[PDB]
Each structure stands twice: as C-alpha cells, then as structure tokens.
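**Student:** So the sequence shown is numbered by the entry's author numbering: it starts at 1 and just counts up by one.
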Amino acid sequence: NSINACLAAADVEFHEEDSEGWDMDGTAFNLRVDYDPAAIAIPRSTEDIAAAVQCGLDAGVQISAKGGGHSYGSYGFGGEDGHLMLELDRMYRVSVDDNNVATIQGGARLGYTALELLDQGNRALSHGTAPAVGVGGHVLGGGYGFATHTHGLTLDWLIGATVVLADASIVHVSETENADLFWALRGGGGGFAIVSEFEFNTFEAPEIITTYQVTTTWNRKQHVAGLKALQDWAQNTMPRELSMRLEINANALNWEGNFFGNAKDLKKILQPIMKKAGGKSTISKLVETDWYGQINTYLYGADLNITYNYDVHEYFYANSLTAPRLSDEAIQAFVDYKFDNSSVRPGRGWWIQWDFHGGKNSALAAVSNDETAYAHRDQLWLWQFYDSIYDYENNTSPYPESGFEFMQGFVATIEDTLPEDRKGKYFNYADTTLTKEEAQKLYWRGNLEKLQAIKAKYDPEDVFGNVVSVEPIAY
Ligand SMILES: *Cc1cc2c(cc1C)nc1c(=O)[nH]c(=O)nc-1n2C[C@H](O)[C@H](O)[C@H](O)COP(=O)(O)OP(=O)(O)OC[C@H]1O[C@@H](n2cnc3c(N)ncnc32)[C@H](O)[C@@H]1O
Ligand SMILES: *[C@@H]1O[C@H](CO)[C@@H](O[C@@H]2O[C@H](CO)[C@@H](O[C@@H]3O[C@H](CO)[C@@H](O)[C@H](O)[C@H]3NC(C)=O)[C@H](O)[C@H]2NC(C)=O)[C@H](O)[C@H]1NC(C)=O
Ligand SMILES: *[C@@H]1O[C@H](CO)[C@@H](O)[C@H](O)[C@H]1NC(C)=O
Ligand SMILES: [Zn+2]
C-alpha cells in the first residue's frame, strides 16, 4: 500500500486491510452503506493528523475524518469507497480548566465526554442522548438533544478549536482567529478541516432534572387535532426550561423529554397542554433525578463509557426534515400516511421523532441564522425518520434496491406543502438518496452561499469532501 508506506514513514499507525482492526473500524455503523476505505490511519496527535493528510495528498485521494462513526451516510468514510480514513477515536482526551472551559479531542464520544465533564468539576454540555456518538460529527452538524430547548445546540457552546487544514497546516480557530472557518465548523458539517481539539464553554450540571413521558391513545382525528394544539403551544408557550419530542410509530404517539426543574412545576406545565391537546393522554413516566440520571434514562441499552472498542451496527435508511408552522392539510397528510401507508413486513420496523426544535422560548431559536453556520434557527420543527431492517443478516429486502419510497413519502406529506425556501433537512440525520446539489440546499439553506465561499478558501481542491458536502465555490 502506497499510503500505508507513507503513514509508516511518518510513524502513524494504520490498519492492514486483511486485519481485525480493519474489519472493526473499516465497517460502517450502518451496514446498508458500508464502504471500503483506501486506507485507515489511526492518529494519536495533531501532528499525526497533519502527517496523515500529507499522505492522502501525495496519494491523490480524498480524506475523511471519522469521529464516532455514527453518521447515517457513513461520512466518516467520505460516504463512498476509496477515501483515506482517519480513525480518530483513539484521541478522546477531555480536559476542563480553571475557567470551566473543556478541551475535547476530535475523536471523543458523548458518553465518555459527559462522564469526564461530571468528574471534572460537575460540568455539563448540551448534546444528544447516544453515548457512542462522536463529539466531532455531532457539533459540526449541530448537536441536538433534551437540553437544546434550554441551552441550545452543542455548537452554541463551542468557542475554539485546533484544526488541520487541507494543506496539512495546523491552525487555531475562534471568533477572533480564522473566524470564517470557525463559523463554518459550527454547523457546516464535514469537509472544512479536521478538528484535533474542540474548546467548549460548559454549564454547571443542573441541581435537578425531571424526566417525563406522556402516553396518548389517539385515533386519526385525535392525532391531527392533538398535533395542531401541540404546534400552537410549541410556537408560543412551551417554557425555555422544558424539552419535548414525540415518539411516533405504527401503534403509538408519546411525548417525552426533560425539565430543568421539579415534578411539581412540570405537572402544572403539562396539565394545560394535555387538556388543550384533547385529553386522551396520561403521564406514564415522571421522575426527578440529576444530570447523570437523565443521561442514563436514554441510553437504550448502549454502554455509557465508549472509547475505541466499538463494533455496534445496524441496517437502516433514515431521513429528516426541518420546517416552520404547518397547515392543517400538512398535518392531516402526515397522520393519514401513518394510518394508511406505513405497513411493513415482519422483520422491518419504523419510528419517527417529532422534535420541538424552535419556538418562542427555545434557546436554539434565540440565535440568528447568521450567527453560526446552522441554518434552521427559523424552523419550529425537526423530524427524524427511521426505517429499520431487524433481520438484515437473513433478508434486507426491499433494500438495497428499494424501500426508500416509504420514508420519502412520509417526508413529502409535509414537505410538499412548504415554500421552497423553507424546505430543509438536518445533516446529522442524513438522507443518503440525495444528490450533492439537493443536499447542500436542504441541509444549509440560507447559509449555503457563505459556506461554499469559505469552503473554497480553506479547501479549494475539495480534499476533505464527501458525497453530499458543501462544494468549494468562491463568492
Ligand atoms: C448512530 C446514532 C446517531 C445519532 C444519535 C444516536 C445514534 C445511535 N442520536 C443523535 C441525537 O440525539 N442528536 C443529534 O443531533 N444527532 C444524533 N445522531 C446523529 C449523528 O450520527 C450525529 O449527530 C453525528 O453527526 C455523528 O458524529 P460521528 O462523529 O459519530 O460521525 P462520523 O460518521 O464519524 O462523522 C460524521 C461527519 O463529521 C465529520 N467528523 C467527525 N469527527 C470530526 C473531527 N474531529 N474533525 C472533522 N470532521 C469530523 C466526518 O468527517 C463526517 O462528515
Ligand atoms: C471509561 O473507559 C476508559 C477506558 O476506555 C477509562 O480510561 C482509563 O482511565 C484511567 C484513569 O481513570 C487511566 O489510568 C491511568 O493510566 C495511565 C497510563 O495508562 C497511568 O499513568 C495513570 O496512573 C492511570 N490513572 C491513575 C489510576 O492514576 C487509563 O489509562 C484509561 N484507559 C484508557 C485506555 O483510556 C475511564 O476511566 C472510564 N471512565 C470511567 C472513570 O468510568
Ligand atoms: C397511500 O395509501 C393510499 C391507500 O390507502 C394510496 O391510495 C396512496 O397512493 C398511498 N400513497 C400516498 C399517495 O399517500
Ligand atoms: Zn479495499
């Protein structure tokens, strides 16, 4: 291997293609989109990353940084075969200084990070629920979770980073240094630079968090009336201190989330909306706990402390959508689709998450679409669509040939009713069926032009590009 020879000469560890190491790190989380990298480097330092980049340049291949490997399109591989992969999960050091600023290496995962922040000063950060998700991909695309309505996206806490550029140079980025690249890293997704270290501000772990679940027993009509009510409430009422998402599947619709406060105050907040939503619902979960407690409430069987021994996989097709307030027609269309178009074969299953993303009191929406590369600050809603194949080891049908039409149709029920400029998707919940041109518009909407200009400046040759990433286009 020409690249492996170069890596060896630079004293950078790499995986031989016919090795157990390769079979582990070279196999994508989503087996439906598993790719074969040209090579896999395992940097242990910023200098290692720079040396690895130089090797990829010499080889003439695109280079893809892999953080936690949880992207639905396997972008840690470049979203296709043939890229030099930089497996960063051996670089996960977390260090909190005297100013409560946390320096997190680019290969750190959410669980390990949360544990370290708690151990080093009882600190916390706003991020997703899954412990295996890499901090790198998470923050570059946003970073959404049960703390977003109260504390914003993970990227809203980023204040700096040490990165390696497409020409292998090493520089520091912040609001006062290479600020244009700093802006792009906060929401621009992949392809701008390889981050060796992220620098985050943090908040003290809250004294109390009350987790909850509301279970509904709604028919078709009650789904529409309930969602319409929830929409008005999300837009104008839902408190800054409260987060909520609806777990939707073929036979249920439940509300769940965290409250930065006690159960007494939470019941008084939920009571009014449960009534306005048409009743036919009840609180099925209500527990006061702490930061560590809430984190451990949404692991879904995953190990909390994960670093470089990771070999978990699934076989699925996901999709997403962001949107403003919806018309009754849109909601009706979505509900009808659930009731009449969601039948799947045994061994296959689906679920949807309806996230209370924006809204009057959402900390996320308190930030301008111009302040960071994140371009959905004006969107009330965020959705995650998930189509799973449970018995993929025996049967993947309709995949890989088809099956996409199911969730694409589910998205369309709502998207078709939206003005073109308000149609969007969330890069962290990627839709692999998208072309590079379609993806850029949906994922970055109004900030696409600025991002393409920044991309042209820092990576004109598109060395770090993936199949749907921001293209380099000078202004
Ligand atoms: C699998 C999964 C994903 C997920 C989740 C739960 C599971 C089980 N829960 C999420 C949640 O609650 N909220 C949210 O916003 N996202 C959630 N996700 C979605 C998605 O997987 C993550 O948000 C994130 O994008 C994954 O990051 P990860 O780091 O694991 O991904 P990757 O495939 O290796 O790379 C993703 C992309 O960004 C780049 N990247 C990653 N690290 C770096 C560094 N250090 N420097 C530069 N670029 C980096 C990749 O190159 C690629 O473009
Ligand atoms: C989550 O899992 C991690 C392993 O995947 C654990 O990380 C280990 O933390 C140990 C300290 O808590 C480290 O021990 C240190 O090792 C160095 C050299 O290896 C010694 O010089 C230090 O003396 C020693 N620390 C002590 C006891 O003074 C391990 O090196 C480290 N392992 C790895 C591979 O990172 C996390 O601890 C674990 N999280 C928790 C605490 O639950
Ligand atoms: C959904 O199912 C109905 C029948 O229940 C069918 O007529 C329709 O074509 C399917 N897809 C659409 C357009 O929603
Ligand atoms: Zn190969």
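Ideal Cβ positions, reconstructed from N, Cα and C, are used throughout, including at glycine.
1) Mapping the DSSP letters down to three states, classify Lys-221 as helix, strand or coil.
2) Quick one, which of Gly-67, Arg-93, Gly-137 and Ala-10 has its alpha-carbon nearest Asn-428's?
3) Under 8 angstroms: do the stretch 338 to 356 and the stretch 273 to 291 share three or more Cβ pairs, one atom per stretch?
4) Could you give the residue range of the beta strand (DSSP E) that holds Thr-282?
5) What residues sit near ligand 2, counting only those whose C-beta is closer than 5 angstroms to one of its heavy atoms, in chain order?
6) Under 6 angstroms, CB to any heavy atom of ligand 4. Which residues pass, going along the chain?
7) Using alpha carbons as the reference points, say which of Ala-28, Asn-99, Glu-415 and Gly-403 lies closest to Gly-121.
8) Are the Cβ atoms of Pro-239 and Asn-361 separated by less than 9 angstroms?
9) When you measure from the CB of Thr-413 to every non-hydrogen atom of ligand 3, does any distance come out below 8 angstroms?
10) Between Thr-103 and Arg-93, is the Cβ-Cβ spacing less than 9 angstroms?
11) Where does the unbroken beta strand (DSSP E) through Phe-316 begin, and where does it stop?
12) Can you find the residues in the same chain that come closer than 8 angstroms, C-beta to C-beta, to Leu-118, ignoring five residues on each side of it along the sequence?
13) Among the candidates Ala-132, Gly-278, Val-312 and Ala-277, whose CA atom is the shortest distance from the CA of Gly-67?
14) Kindly provide the ranges of any alpha helix (DSSP H) runs that are 4 or more residues long and lie completely inside the stretch 76 to 160, ordered along the chain.
15) Sort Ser-196, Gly-191 and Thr-150 by Cα distance to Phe-203 and report the nearest one.
16) My assumption, with CB atoms under 8 angstroms, is that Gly-187 sits in contact with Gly-226. Please give the rounded CB distance.
17) Within the present structure, is the beta-carbon of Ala-193 separated from the nearest heavy atom of ligand 1 by less than 8 angstroms?
18) Ignoring anything shorter than 3 residues, give me the beta strand (DSSP E) runs that lie fully in the stretch 292 to 356, in order along the chain.
19) Using only Cβ atoms and a threshold of 5 angstroms, which residues come within that distance of a heavy atom of ligand 3? Order them by chain position.
20) Can you tell me the Cα-Cα spacing of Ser-343 and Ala-250, whole angstroms?
21) Can you give me the C-alpha to C-alpha distance between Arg-44 and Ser-126, rounded to a whole angstrom?
22) Are three or more beta carbon pairs between the stretch 306 to 321 and the stretch 10 to 30 nearer than 8 angstroms?
23) So for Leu-165, helix, strand or coil by DSSP?
24) Count the other C-beta atoms from every protein chain shown that fall within 10 angstroms of the C-beta of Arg-109, then say buried if there are 16 or more, exposed otherwise.
25) Suppose you measure from the CA of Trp-381 to the CA of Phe-356; what does that come to, to the nearest Å?
26) With DSSP collapsed to three states, give me the class of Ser-2.
27) For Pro-472, count neighbouring Cβ atoms within 10 angstroms of its own Cβ and tell me buried if that reaches 16, exposed if not.
28) Identify which residue in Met-85, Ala-252 and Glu-20 has its Cα closest to the Cα of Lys-338.
29) Taking Cβ positions, are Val-224 and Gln-62 nearer each other than 9 angstroms?
30) Would you check whether ligand 1 has a heavy atom nearer than 8 angstroms to the C-beta of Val-163?
31) Could you check what DSSP says for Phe-410 in three-state terms: helix, strand or coil?
32) Please name the residue or residues paired with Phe-385 in a DSSP beta bridge.
33) How is the beta strand (DSSP E) around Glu-247 delimited, first residue to last?
34) Is it true that the CB of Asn-447 sits closer than 9 angstroms to the CB of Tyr-374?
35) Helix, strand or coil for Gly-21 per DSSP?
36) Please indicate yes or no: does the CB of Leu-321 lie closer than 8 angstroms to some heavy atom of ligand 1?
**Tutor:** Well, looking at it:
1) helix
2) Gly-137
3) no
4) 281 to 289
5) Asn-305 and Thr-307
6) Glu-17 and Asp-36
7) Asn-99
8) yes
9) yes
10) yes
11) 316 to 323
12) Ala-124, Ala-205, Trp-291 and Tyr-292
13) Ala-132
14) 110 to 119, 135 to 141 and 148 to 151
15) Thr-150
16) Contact flag wrong, Cβ pair sits at about 32 angstroms.
17) yes
18) 316 to 323 and 348 to 356
19) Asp-340 and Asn-341
20) 8 angstroms
21) 26 angstroms
22) yes
23) coil
24) buried
25) 6 angstroms
26) helix
27) buried
28) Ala-252
29) no
30) yes
31) helix
32) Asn-319 and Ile-352
33) 245 to 249
34) yes
35) helix
36) no
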